[PDB]
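The next block holds one structure in the form of structure tokens; read it before the comments.
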Amino acid sequence: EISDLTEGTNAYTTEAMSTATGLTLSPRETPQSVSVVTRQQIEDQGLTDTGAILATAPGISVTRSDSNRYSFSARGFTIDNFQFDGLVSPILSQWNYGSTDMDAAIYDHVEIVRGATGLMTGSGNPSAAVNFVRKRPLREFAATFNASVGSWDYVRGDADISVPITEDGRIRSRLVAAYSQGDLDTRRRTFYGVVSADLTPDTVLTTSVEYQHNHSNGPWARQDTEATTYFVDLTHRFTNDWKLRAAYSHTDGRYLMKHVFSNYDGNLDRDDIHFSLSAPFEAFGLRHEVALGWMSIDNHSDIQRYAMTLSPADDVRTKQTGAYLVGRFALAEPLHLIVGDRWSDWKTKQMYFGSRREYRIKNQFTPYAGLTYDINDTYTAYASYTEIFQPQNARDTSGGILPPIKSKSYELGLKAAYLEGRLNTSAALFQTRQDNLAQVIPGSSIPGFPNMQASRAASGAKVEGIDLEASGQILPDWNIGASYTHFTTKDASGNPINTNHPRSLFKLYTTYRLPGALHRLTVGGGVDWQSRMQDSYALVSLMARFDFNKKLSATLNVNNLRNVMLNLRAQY
């Protein structure tokens, strides 16, 4: 049904996600490779921030490019965007400001969509969309606390409290706070407070503030990151079930780095806006739905470097808008067609010492076509086509801006939802190509116009491979999340190209509550096995949980690559 909510289900799968199309669909009804990392998965595996949550997800690897730990990757490409409650924030280089380090306590789950995701994303790489969905207030009082200890003097505590503001819960609040310390010493403080008010039985106003401070030290380094996000959304359902949603976010970010002699001072400001109108309806005896929407992503970061890469000052301003229409149409009872259009505008204004990178791209069209066929109670087959574009700083022989890189993604597949959707499964074949990749024109330039060197649009890399997943409950007391991905990268004319990214990945994590006299004990563990086809890395891990009673448990995690974490959970 509805509810992307995974807290309290004890499940490794979900009923519903909305990241791929904006529409709230079950996994089996989404004609793309999609995953969840549920509340339960996060707690079983002791995942403490957004980066650690993403690292465990199907099809994701941490790729190293030049030293180690550099990027998150999927399908041959860097993940250059994150979403929080569906609002995109760029994350590479000066855009991060803690996005990959946000405390996990804030989030109910993360929704993943692999391949091109331009419909809802805008500009980006055909790797994955990654959407962290924040906890929302409950209608009644609830409290959860965690206290952890671990290797290298690691300590962590968090608190999660829902307080109704009126008795009925018409006005409701929720507060999350976390702290951690460790080592190379680092510490993290996080606060998140949210209030929702039913202005009518059909109108919800939500407001929230999110805050994180990350400090690290140890030539003595010293690095501080601080970020505050103000968020607001308004929802209204008309008596015809048409729905209006308006969302706004504003983020202030502060970065500060010392060395030995070297000083880095960065500021970030970011505004995100999203409006939508959706509408369910019947036509030709069948049920359909349509959504129209508009989003804006406006990013400003500035950096000053002082020393007594090399630039003394950068100011980068990137503004993007997209207008979309999405429909899901039943051509028959078992057979759905998803069609989307997005028109996007994108511009950048970048200032450096001695220069100025400034350009806009012509209005971009991004299509989406997905087809799903319910074979029986269990199985659904699907095929999809979609795109994502990536602006590039490359110019004509005339001096004009090149079209953006255009990623073109084809996928077919088979899904199964066993035991009423308790166990979800997926097997997909994917093919992506990049067209209009800037190619530096021989040794000929055209920098009488400005600067140095010109390009033409050429064909780029091709990726093809397979994407397999199984997540949910095999038997009562037995949870699993398992996935396998393999892909091949080639150039436009068809010979292999080397990449840093792993081409084969296998992941499995399983828990099992013991059957009888041992029923207070759950044991589990897993493997994260990536391979560049050359070498191999395997994270092997183990856990045990003891349920003292219904409201109090201890969890032990061991990870290898030892690393040992012990957690107590207490709830009201």
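Based on this model, can you work out whether residue 432 counts as hydroxyl-bearing (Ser, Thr, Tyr), within 20 Å of residue 381 (Cα to Cα) and surrounded by 14 or more Cβ atoms within 10 Å (Cβ to Cβ)? Yes; evaluated as a whole, the condition is true for this residue. Sort out which residues of the stretch 380-433 are more than 29 Å from residue 348 (Cα to Cα) and not in a strand (DSSP E or B), and write them in order of number. Scanning the stretch 380-433 gives 419, 420, 421, 422. The residue pairs whose first member lies in the stretch 304-328 and is closer than 30 Å to residue 283 by Cα, whose second member is among the aliphatic types (A, V, I, L, M) and assigned to a loop (DSSP other than H, G, I, E, B), and whose beta carbons are closer than 6 Å, counting only pairs six or more residues apart or on different chains, are 328/23.
Listed by position, the strands (runs of 3 or more DSSP E) enclosed by the stretch 434-537 that each have at least 2 residues that are aromatic (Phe, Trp, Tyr) are 478-490, 504-513. Residues in the stretch 87-115 that are touching a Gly at 6+ places or on another chain (Cβ under 8 Å) and outside any strand (DSSP E or B): 94, 97, 98, 100, 101. Looking across the stretch 214-248, just one residue is surrounded by fewer than 16 Cβ atoms within 10 Å (Cβ to Cβ), of a type in the set (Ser, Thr, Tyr) and closer than 23 Å to residue 156 by Cα, and that is 228. When we screen 41, 32 for residues that are under 23 Å from residue 420 (Cβ atoms) and outside any loop (DSSP other than H, G, I, E, B), the only hit is 41. Determine if the stretch 179-202 includes at least one residue that is in the same structural domain as residue 570 (by CATH), aromatic (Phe, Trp, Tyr) and touching a helix residue (DSSP H, G or I) at 6+ places or on another chain (Cβ under 9 Å). Yes, that holds for at least one residue. Set side by side, the residues 465, 421, 443 differ, and just one is more than 21 Å from residue 533 (Cα to Cα) and within 28 Å of the chain's Cα centre (by Cα), which is 421. For the stretch 474-505, a residue qualifies if it is surrounded by fewer than 19 Cβ atoms within 10 Å (Cβ to Cβ) and over 24 Å from residue 533 (Cα atoms), and the qualifying residues are 474, 475, 476, 477, 478.
For the stretch 297-378, the strands (runs of 3 or more DSSP E) that sit wholly inside it and include 1 or more residues that are within 30 Å of residue 24 (Cα to Cα) and among the acidic types (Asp, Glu) are 335-352, 355-374.
The residue list 144, 78, 121, 100 contains one member that is surrounded by fewer than 22 Cβ atoms within 10 Å (Cβ to Cβ), of a type in the set (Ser, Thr, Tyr) and within 25 Å of residue 468 (Cβ to Cβ), which is 78. Of the residues in the stretch 67-75, none is farther than 20 Å from residue 407 by Cβ and assigned to a helix (DSSP H, G or I).
If you filter the stretch 53-75 down to residues that are aliphatic (A, V, I, L, M) and closer than 18 Å to residue 503 by Cα, you find that the one that is surrounded by the most Cβ atoms within 10 Å (Cβ to Cβ) is 74.
Yes/no per residue for (1) of a type in the set (A, V, I, L, M, F, W, C); (2) surrounded by fewer than 18 Cβ atoms within 10 Å (Cβ to Cβ):
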residue: 308; (1), (2): yes, yes
residue: 326; (1), (2): yes, no
residue: 351; (1), (2): yes, yes
residue: 354; (1), (2): no, yes
residue: 374; (1), (2): no, no
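Which condition breaks for residue 121 when tested against (1) more than 25 Å from residue 165 (Cα to Cα); (2) β-branched (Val, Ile, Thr); (3) more than 14 Å from the chain's Cα centre (by Cα)? Result: residue 121 passes all but (3). Whether a residue is of a type in the set (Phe, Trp, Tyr), assigned by CATH to the domain that holds residue 388 and either under 30 Å from residue 543 (Cα atoms) or out of contact with any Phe, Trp or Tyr (no Cβ under 6 Å at 6 or more places or on another chain) (or both) was assessed, and residue 418 passes this test.
Basis: the model, the stated rules and, where named, an outside source; no laboratory read-out is quoted. No Cβ is skipped: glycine too gets one built from the backbone with ideal geometry, and neighbour counts run over all protein chains shown.
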